[PDB]
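Scroll down for the structure; my scribbles are underneath it.
Reminder, nothing fancy here: chain letters follow the sequence lines and each chain counts from 1. Order of appearance sets the numbers: ligands from 1, and atoms from 1 within every ligand.
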Number of protein chains: 2
Amino acid sequence: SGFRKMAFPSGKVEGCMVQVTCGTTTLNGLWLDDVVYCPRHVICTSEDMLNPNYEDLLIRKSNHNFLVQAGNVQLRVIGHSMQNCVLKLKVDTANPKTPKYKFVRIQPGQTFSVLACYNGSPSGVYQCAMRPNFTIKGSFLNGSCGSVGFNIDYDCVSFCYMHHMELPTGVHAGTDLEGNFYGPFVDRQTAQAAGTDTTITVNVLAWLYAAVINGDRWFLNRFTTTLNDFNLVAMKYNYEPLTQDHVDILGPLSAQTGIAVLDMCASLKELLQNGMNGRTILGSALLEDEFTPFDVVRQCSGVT
Amino acid sequence: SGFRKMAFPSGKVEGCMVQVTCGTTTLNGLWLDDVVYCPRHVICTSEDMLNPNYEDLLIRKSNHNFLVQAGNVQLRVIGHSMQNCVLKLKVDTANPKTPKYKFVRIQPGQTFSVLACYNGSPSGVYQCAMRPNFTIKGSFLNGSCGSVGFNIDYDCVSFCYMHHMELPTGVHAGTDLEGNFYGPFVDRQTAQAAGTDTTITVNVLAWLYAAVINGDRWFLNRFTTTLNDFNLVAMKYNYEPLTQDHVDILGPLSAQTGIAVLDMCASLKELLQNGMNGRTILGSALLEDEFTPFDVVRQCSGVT
Ligand SMILES: Cc1noc(COc2cc(Cl)cc(CC(=O)Nc3cnccc3C)c2)n1
Ligand SMILES: Cc1noc(COc2cc(Cl)cc(CC(=O)Nc3cnccc3C)c2)n1
């Protein structure tokens, strides 16, 4: 028993982290096969971040202008290209530590582990969710750009995120591994609206199931509700509407606990309308939404 | 900016995880140099866990009775010994992936990363603290025994904890890497009192400094306090007494924010006496105590 924000083991990703320097700028790169991926703002100086013409800036760069360092050995760059907001540096050496990998674009509400890096060196690993407004609430500093988010399916690492930017609001924005930003963000020093962020209802419900599995049952009641009645409560509290797909996704957790999804929704409804009244659920005084039903099943079953 | 419960990169520890089988029982082992470390209750059956005579049970075992598997290759056991509550299986092959390591006994209030494992395979990594009552609030299942806790100082992994047991209260107990249990716990199926657990005051204060560094300043006030006045509030709320050593340990965070420790204590005093009033600090509705002043400095500075 016990329930924590558990990140994936980071080993397979640590072996892919390199350092990328372009002029004055140094950020992290991802070395997979003979290709290093990194945010394209590596070619920029502070002066041209207001409105950079990336194609024009890339033109003034050559293969030899991109310094790629793998721990201590210098990688030779034989190619460079821009794919959306990422630069792809073809190096003459395939990464001997390249794991089985995929590049996937995660859906908002899904979770992933982040290996925060500085100068191609990992500093820590934490679990987080792609918020419904496509921002992430991570922990990043100057130099963290190029740090990646991923998931692991047995031996296959699915790379989903590359950190590019901190917005003035303190939230983090980035791209998938093809360079497409999650959300409406642009890689330039300009005013950018993050958008209204709602709570991932299916994740809060899954975490309520984790609480029941882990002994915390104070919030369970003698009531039930309907999808349409629950959704009226969800709208008032800026919660994502619960669909039948979400109910089905919560099926394994419903079967494991013997608590119907709509009975759990009535517990959530009471918790939303009345609060915790000073009590805790799994050591938390607020409703947690960064655990998918999949994360709950995995953690409570012990999937390696 | 941003602040998360960040675990250490787990790679160096993943390369040390092996599977240990003794009869019907299978748990995790730690392979460092030519020695595999694992909880000694691996030699037990469910029938003798009520009051096991470990010396007597170990006598009925020979080197060939201990099955050590490193991923897929069988390790040959040429020695076995019991050191307190851990068994030390001398294998004929040194671990090629042995990192620079130390065995340390952490102090209560200190934090460490746990690589939760099942069948010698890592499933996840999370950060936690040794509670003042020497229990840990981790996430462990049947088979997780042998999972280790550690810290990393540049290239050196300091092993501090080995998971042995879940208590009926849901908390977790274990040993240092010499087999000495943290706390008054014994490795036997018997009634065991965890003891009153207090809040790590120096950690809550350090996390209040992380909040100020990360923009959350609503809780800062026009007041100050003394060590003796603050401690009267700490006792009433089951908080660890704050000493001058703790004030000194918070020195770097005091200098970085320009907020004197005793001014921060008066903010904590008001928060304890009045609560959050429905507000959050770093996304939390309760006072977090599993971040040492060291963890805060490391995360807010970007130490790799
Ligand atoms: C100086 C300067 N030059 O440009 C800027 C602002 O515009 C940008 C635009 C882009 Cl695409 C990227 C960046 C890097 C960044 O945001 N890093 C970062 C990430 N996560 C946490 C903290 C930090 C500092 C800055 N200031
Ligand atoms: C069956 C059975 N045999 O003994 C016992 C109870 O006594 C013990 C005594 C010891 Cl020293 C160790 C264990 C293993 C254990 O506690 N595992 C564990 C760890 N963390 C989370 C979940 C689990 C299940 C059981 N039941």
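- At least one donor-acceptor pair under 3.5 Å links the side chain of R105(B) to the backbone N or O of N180(B).
- Atoms of ligand 2 lying under 4.0 Å from any heavy atom of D187(B), numbered from 1 in the order shown and given with element: 11 (Cl).
- In terms of protein heavy-atom proximity, atom 16 (O) of ligand 2 is nearest to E166(B) N, 3.0 Å.
- For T135(A) and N133(A), the side-chain atoms include at least one donor-acceptor pair closer than 3.5 Å.
- At a heavy-atom distance under 4.0 Å, only side-chain atoms of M49(A), from C-beta outward, approach ligand 1.
- In terms of N/O distances under 3.5 Å, ligand 1 is not approached by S1(B).
- Annotation: cation-pi pair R40(B)/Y54(B) present, NZ/CZ under 6.0 Å from the ring centroid and within 45° of its normal.
- Counting heavy atoms from C-beta on, the side chains of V20(B) and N28(B) never come closer than 4.5 Å.
- Note: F134(B) and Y182(B) have parallel aromatic rings, judged against thresholds of 30 and 60 degrees for the angle between ring planes.
- Taking any N or O of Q189(B), backbone or side chain, at least one lies under 3.5 Å from an N or O belonging to ligand 2.
- Atom 21 (C) of ligand 2 has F140(B) O, 3.2 Å as its closest protein atom, hydrogens excluded (heavy atom only).
- For atom 25 (C) of ligand 2, the nearest protein heavy atom lies 4.0 Å or farther away.
- A salt bridge does not link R60(B) to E55(B): none of the charged side-chain nitrogens sits closer than 4.0 Å to a carboxylate oxygen.
- In terms of polar-atom proximity, defined here as any N/O pair under 3.5 Å, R188(B) makes no such contact with ligand 2.
- A heavy-atom distance below 4.5 Å is not found between the side chains of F112(A) and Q127(A).
- Taking any N or O of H163(B), backbone or side chain, at least one lies under 3.5 Å from an N or O belonging to ligand 2.
- Looking at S144(A) against ligand 1, only its side chain comes within 4.0 Å, counting heavy atoms.
- Of all protein heavy atoms, the one closest to atom 22 (C) of ligand 1 is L141(A) C, 3.5 Å.
- Among all non-hydrogen protein atoms, the one lying nearest atom 13 (C) of ligand 2 is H164(B) O, 4.1 Å.
- Nearest protein heavy-atom contact of atom 17 (N) of ligand 1 is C145(A) SG, 3.5 Å.
- If you check each of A116(B), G174(B), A173(B), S46(B) against atom 1 (C) of ligand 2, the one with the closest non-hydrogen atom is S46(B).
- Put simply, the side chain of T175(B) reaches to within 4.5 Å of the side chain of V86(B), judged on heavy atoms.
- For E178(A) and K88(A), the salt-bridge test fails: no basic side-chain N is under 4.0 Å from an acidic carboxylate O.
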